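Before any questions on binding or motion, here is one chain by itself as structure tokens, the form deposited in one PDB entry.
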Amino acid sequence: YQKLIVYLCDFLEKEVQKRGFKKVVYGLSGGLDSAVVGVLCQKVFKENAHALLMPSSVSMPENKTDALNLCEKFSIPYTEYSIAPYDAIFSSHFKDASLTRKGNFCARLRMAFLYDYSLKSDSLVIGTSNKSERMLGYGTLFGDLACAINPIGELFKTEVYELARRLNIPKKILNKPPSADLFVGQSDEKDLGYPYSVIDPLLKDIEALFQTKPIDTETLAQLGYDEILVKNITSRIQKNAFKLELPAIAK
């Protein structure tokens, strides 16, 4: 992984630079993903790298603290701006709004402020969505997936968590159970039903056999994979493959 870090950094210095920038900003929810990116950007831009903590009306005050500790540890400048009063309005107008609805809206708010922040400070937005998340379709389009550059999007959640270790990320971030945070008691291993030590291995084979041809559940069980786990994931994938594709435009 030491060689990996060196790679991501260089990828960062080259991408931001070829666009005419010297500063970058990203959301810092206080999670593994968001923390990993931040440390990398700090390694390359130091003070020119800025983090934005946008807790909502339902965020966990504990996560904000972890993000506050993280910053303090790597000397990462930051700005605290709560989106609470915005989701408040959303609620008054939408009382029957489902969990996911409120979650999508808040993630689109955090996106508006990262880009509003980049406009007035001349910075580029850097995403923090990992490969496993992108493949699974578990991300908000034009929300937390909206960025100009992403250094760890081709890294599975497993490769992500381990990279962080070599990055010396506060252990409180590591031991922290996967959770995109959108409301209360949410977690990835809860709405997905399985841990990343179960999900990831199959994604490695899916992105090795069915490069461009349709996925075949049959040829998957042969490698050694639970039936339901193979049919569930496969669906999820094909059901969200549109999120990582440009919009459809008539030629």
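Quick note: we count residues from 1 along the sequence shown, nothing fancier.
Keep in mind that the form deposited with a small molecule bound is missing from the display, and what follows is about it.
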For the interface check, one of 39-47, 220-228, 199-207, 52-60 should have non-hydrogen atoms within 4.5 Å of the small molecule in the deposited bound form; which one? 52-60
I'd like to know if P151 sits close to the small molecule in the deposited bound form, meaning any non-hydrogen atom pair within 4.5 angstroms. no
When the contact criterion is heavy atoms within 4.5 Å, does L28 count as touching the small molecule in the deposited bound form? yes
Consider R110 of the chain shown here, and say whether it contacts the small molecule in the deposited bound form, taking contact as heavy atoms within 4.5 Å. yes
Although the partner isn't part of this model, could you tell me whether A180 comes within 4.5 Å of the small molecule in the deposited bound form, counting any heavy atom of the residue? yes
